[PDB]
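Have a look at the structure below before the remarks.
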Amino acid sequence: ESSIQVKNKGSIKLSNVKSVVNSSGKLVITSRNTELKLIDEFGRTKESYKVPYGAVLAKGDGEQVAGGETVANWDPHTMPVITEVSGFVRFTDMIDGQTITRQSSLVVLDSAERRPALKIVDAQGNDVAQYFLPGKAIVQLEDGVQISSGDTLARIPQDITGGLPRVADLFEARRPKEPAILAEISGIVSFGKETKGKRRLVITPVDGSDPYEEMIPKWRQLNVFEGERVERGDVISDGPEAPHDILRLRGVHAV
């Protein structure tokens, strides 16, 4: 996400990247599906260089570059998320012994011990834009900081063996160790069902149109976003992809 090297002159070609207000003279990224392309003289491209949503545009879109220079420097270990609103941080529902564990810089809240996402105070006493509080989060700026747009405060920071076994797994369609969780129903980020019959983070639907029930184990982590996470369809959220899911959602040509 930080080491980007170009071959020759090319363009940006964001390919439908959601542009958001950034702290510096650049545009923030909120979409998880980002792909670049280099245009030298015609429609032929040089490389893709997919980057996460924490990428920061170092140059302009469609601007010719001599080459040998990075175009987007982002945090390799930290995954920043663009701020929903610009203003003071609104923190509430904080109880000592349940939402404060380590120490200023302190954890916002613990879901197991209890996610305050009321609103964001754009002004001194006016709020709008919900500040999600993930597990084991870190908050270093208290209320009333009045930070600029695009600022991120610890937004949750941080088989396929080439050979005959890989081919054998591919041709008989062996399921991966960690199949990706896909839900083509009302793909808007939410929260709830911490403890139920299923594992942690049982379900994460939205209203949309005719929502259904999809159980989520959430073993490693989740792939929730602040605003406009995904849409009609499904993208790789966690782990590798299973061919059966591609057949049932993407169709046949993608498979």
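Ligands are numbered from 1 in the order shown, chains are lettered A, B, ... in the order of the structure tokens, and residues start at 1 in each chain.
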Would you list the contacts of region 220-232 of chain A as a short mmCIF file (atom, residue, chain, number, x, y, z; two decimals) with C-alpha atoms, in the first residue's frame, taking every protein, DNA or RNA residue within 9 Å and counting only C-alpha atoms, but skipping same-chain residues closer than 4 positions in sequence?
```
data_model
loop_
_atom_site.label_atom_id
_atom_site.label_comp_id
_atom_site.auth_asym_id
_atom_site.auth_seq_id
_atom_site.Cartn_x
_atom_site.Cartn_y
_atom_site.Cartn_z
CA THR A 30 -13.92 5.67 1.02
CA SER A 31 -14.63 2.84 -1.45
CA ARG A 32 -13.00 -0.55 -0.95
CA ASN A 33 -12.87 -1.25 -4.71
CA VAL A 81 -10.81 5.59 7.15
CA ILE A 82 -12.02 8.99 5.95
CA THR A 83 -14.02 10.99 8.48
CA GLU A 84 -17.76 11.21 7.89
CA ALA A 129 -22.26 10.99 10.22
CA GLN A 130 -21.67 8.45 12.99
CA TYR A 131 -18.28 7.73 14.56
CA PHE A 132 -18.04 3.95 14.77
CA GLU A 184 -25.91 -9.50 -1.57
CA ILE A 185 -28.78 -8.21 0.62
CA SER A 186 -28.90 -4.52 1.63
CA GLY A 187 -25.15 -4.08 1.83
CA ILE A 188 -24.94 -1.23 4.35
CA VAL A 189 -22.64 -1.50 7.36
CA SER A 190 -24.33 -1.94 10.74
CA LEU A 201 -21.14 -10.66 14.84
CA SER A 237 -14.38 -8.86 2.63
CA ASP A 238 -12.29 -11.38 4.59
#
```
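Excluding residue 46 (chain A) itself and any same-chain residue fewer than 4 positions from it, the protein and nucleic acid residues within 8 Å of it, counting only C-alpha atoms, are residues 7, 8, 10, 37, 38 and 39 of chain A.
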>> Measuring between only C-alpha atoms, which one of A:174, A:77, A:44, A:119 shows the shortest distance to residue 1 (chain A)?
In response: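 That would be A:77, the residue with the smallest distance to residue 1 (chain A).
If you look at CA of residue 181 (chain A) and CA of residue 112 (chain A), they are 22.4 Å away from each other.
Distances from A:114, A:104, A:88, A:109 to residue 146 (chain A) were compared using only C-alpha atoms, and the smallest one belongs to A:88.
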>> Report as a list in words all protein, DNA and RNA residues lying within 9 Å of residue 215 (chain A), evaluated on only C-alpha atoms, omitting residues in the same chain fewer than 5 positions from it.
In response: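 Everything that qualifies: residues 198, 199, 201, 202, 203 and 204 of chain A.
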Restrict the selected residues to N, CA and C atoms and save them as a CSV table (one decimal), in the first residue's frame.
```csv
chain,number,residue,atom,x,y,z
A,198,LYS,N,-25.3,-18.2,17.0
A,198,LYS,CA,-24.1,-18.2,16.2
A,198,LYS,C,-22.9,-17.6,16.9
A,199,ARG,N,-21.8,-17.4,16.1
A,199,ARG,CA,-20.6,-16.9,16.7
A,199,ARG,C,-20.7,-15.4,16.8
A,201,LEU,N,-20.7,-11.4,16.0
A,201,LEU,CA,-21.1,-10.7,14.8
A,201,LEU,C,-22.0,-11.6,14.0
A,202,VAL,N,-23.1,-12.0,14.5
A,202,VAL,CA,-24.0,-13.0,13.9
A,202,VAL,C,-24.5,-12.4,12.5
A,203,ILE,N,-25.0,-11.2,12.5
A,203,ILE,CA,-25.6,-10.6,11.3
A,203,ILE,C,-25.3,-9.2,11.2
A,204,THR,N,-25.3,-8.7,10.0
A,204,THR,CA,-25.0,-7.2,9.7
A,204,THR,C,-25.8,-6.8,8.5
```
> Any idea what's packed within 10 Å of residue 134 (chain A), counting only C-alpha atoms, ignoring anything in its chain fewer than 3 positions away? Could you give it as a ChimeraX atom specification?
Replying inline: /A:107-111,115-116,131,137-138,154-156,222,224
>> Please extract the residues of region 89-175 of chain A with a backbone DSSP assignment of helix (DSSP H, G or I) and present them as an MDAnalysis selection string.
In response: chainID A and resid 164:171
Output for the residues just chosen: C-alpha atoms as a short mmCIF file (atom, residue, chain, number, x, y, z; two decimals), in the first residue's frame:
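Output (selection_33.cif):
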```cif
data_model
loop_
_atom_site.label_atom_id
_atom_site.label_comp_id
_atom_site.auth_asym_id
_atom_site.auth_seq_id
_atom_site.Cartn_x
_atom_site.Cartn_y
_atom_site.Cartn_z
CA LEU A 164 0.10 -29.67 -8.64
CA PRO A 165 -1.84 -29.43 -5.32
CA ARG A 166 -3.14 -26.01 -6.36
CA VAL A 167 -4.30 -27.37 -9.72
CA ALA A 168 -5.95 -30.38 -8.07
CA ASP A 169 -7.79 -28.10 -5.66
CA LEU A 170 -8.88 -25.86 -8.53
CA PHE A 171 -10.25 -28.57 -10.84
#
```
Any idea what's packed within 8 Å of residue 121 (chain A), counting only C-alpha atoms, ignoring anything in its chain fewer than 5 positions away? Could you give it as a PDB file with N, CA, C and O atoms, in the first residue's frame?
```pdb
ATOM      1  N   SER A  86     -16.747  16.820   9.468  1.00  0.00           N
ATOM      2  CA  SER A  86     -15.648  17.638   9.962  1.00  0.00           C
ATOM      3  C   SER A  86     -16.118  18.418  11.184  1.00  0.00           C
ATOM      4  O   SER A  86     -17.107  19.156  11.111  1.00  0.00           O
ATOM      5  N   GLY A  87     -15.412  18.256  12.295  1.00  0.00           N
ATOM      6  CA  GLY A  87     -15.767  18.955  13.516  1.00  0.00           C
ATOM      7  C   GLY A  87     -15.218  18.221  14.728  1.00  0.00           C
ATOM      8  O   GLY A  87     -14.361  17.348  14.607  1.00  0.00           O
ATOM      9  N   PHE A  88     -15.737  18.601  15.891  1.00  0.00           N
ATOM     10  CA  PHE A  88     -15.314  17.999  17.145  1.00  0.00           C
ATOM     11  C   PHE A  88     -15.840  16.575  17.267  1.00  0.00           C
ATOM     12  O   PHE A  88     -16.938  16.251  16.804  1.00  0.00           O
ATOM     13  N   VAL A  89     -15.044  15.722  17.900  1.00  0.00           N
ATOM     14  CA  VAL A  89     -15.425  14.331  18.111  1.00  0.00           C
ATOM     15  C   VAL A  89     -16.434  14.253  19.246  1.00  0.00           C
ATOM     16  O   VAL A  89     -16.248  14.854  20.310  1.00  0.00           O
ATOM     17  N   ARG A  90     -17.514  13.509  19.021  1.00  0.00           N
ATOM     18  CA  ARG A  90     -18.573  13.327  20.007  1.00  0.00           C
ATOM     19  C   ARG A  90     -18.393  11.959  20.655  1.00  0.00           C
ATOM     20  O   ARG A  90     -18.586  10.928  20.004  1.00  0.00           O
ATOM     21  N   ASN A 126     -23.480  21.797  17.721  1.00  0.00           N
ATOM     22  CA  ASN A 126     -24.288  21.299  16.616  1.00  0.00           C
ATOM     23  C   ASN A 126     -23.625  20.061  16.030  1.00  0.00           C
ATOM     24  O   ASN A 126     -22.428  20.079  15.724  1.00  0.00           O
ATOM     25  N   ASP A 127     -24.402  18.995  15.879  1.00  0.00           N
ATOM     26  CA  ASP A 127     -23.924  17.732  15.334  1.00  0.00           C
ATOM     27  C   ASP A 127     -24.775  17.338  14.129  1.00  0.00           C
ATOM     28  O   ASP A 127     -25.815  17.939  13.848  1.00  0.00           O
ATOM     29  N   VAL A 128     -24.318  16.315  13.415  1.00  0.00           N
ATOM     30  CA  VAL A 128     -25.026  15.826  12.239  1.00  0.00           C
ATOM     31  C   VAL A 128     -25.616  14.448  12.515  1.00  0.00           C
ATOM     32  O   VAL A 128     -24.886  13.466  12.656  1.00  0.00           O
TER      33      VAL A 128
END
```
>> Neighbouring residues of residue 85 (chain A) were defined as those with any atom within 7 Å, considering only C-alpha atoms; residues of the same chain fewer than 5 positions away were excluded. Please report them as a list in words.
In response: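 The filter keeps residues 120, 122, 129 and 149 of chain A.
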Keeping N, CA, C and O atoms for every residue in the selection just given, could you write it to a file as a compact mmCIF listing (two decimals), in the first residue's frame?
```txt
# COMPACT_ATOMS: atom_id res chain seq x y z
N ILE A 120 -21.49 13.11 14.99
CA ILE A 120 -20.23 13.85 15.01
C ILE A 120 -20.55 15.32 15.17
O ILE A 120 -21.35 15.87 14.39
N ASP A 122 -20.12 18.67 14.40
CA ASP A 122 -19.46 19.52 13.41
C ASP A 122 -19.16 20.90 13.97
O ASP A 122 -18.18 21.53 13.56
N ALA A 129 -23.56 10.72 9.62
CA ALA A 129 -22.26 10.99 10.22
C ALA A 129 -22.17 10.42 11.62
O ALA A 129 -22.45 11.11 12.61
N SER A 149 -11.72 17.65 8.18
CA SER A 149 -12.24 16.48 7.50
C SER A 149 -11.11 15.59 7.01
O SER A 149 -10.02 16.05 6.67
```
> Just how far from CA of residue 71 (chain A) is CA of residue 20 (chain A), in Å to one decimal?
Replying inline: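 About the pair CA of residue 20 (chain A) and CA of residue 71 (chain A): they are 17.3 Å apart.
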>> What's around residue 180 (chain A) at 6 Å? Count only C-alpha atoms, leave out sequence neighbours fewer than 6 positions away in its own chain, and write the answer as a PyMOL selection string.
In response: chain A and resi 238-241
Selected residues written out, C-alpha atoms, as a PDB file, in the first residue's frame:
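Written out: part-v2.pdb:
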```pdb
ATOM      1  CA  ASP A 238     -12.288 -11.383   4.585  1.00  0.00           C
ATOM      2  CA  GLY A 239     -10.105 -14.228   3.363  1.00  0.00           C
ATOM      3  CA  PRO A 240      -9.904 -15.888  -0.054  1.00  0.00           C
ATOM      4  CA  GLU A 241     -12.836 -16.565  -2.380  1.00  0.00           C
TER       5      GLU A 241
END
```
> Which residue out of A:252, A:145, A:55, A:79 has the minimum interatomic distance to residue 158 (chain A) when only C-alpha atoms are used?
Replying inline: A:79
> Which one of A:219, A:13, A:162, A:250 sits closest to residue 40 (chain A) if you count only C-alpha atoms?
Replying inline: A:13
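If only C-alpha atoms are the atoms counted, then among A:80, A:253, A:183, A:72 the closest residue to residue 212 (chain A) is A:183.
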>> Here is a test: counting only C-alpha atoms, which residue of A:235, A:206, A:4, A:216 is nearest to residue 69 (chain A)?
In response: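 The closest residue to residue 69 (chain A) is A:4.
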>> I need the residues of region 21-253 of chain A that end up classed as strand (DSSP E or B) by DSSP on the backbone, written out as a list in words.
In response: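 Answer for region 21-253 of chain A restricted to strand (DSSP E or B) is residues 21, 27, 28, 29, 57, 72, 87, 88, 96, 100, 106, 121, 139 and 147 of chain A.
Picture a line from CA of residue 153 (chain A) to CA of residue 5 (chain A); it runs 28.6 Å.
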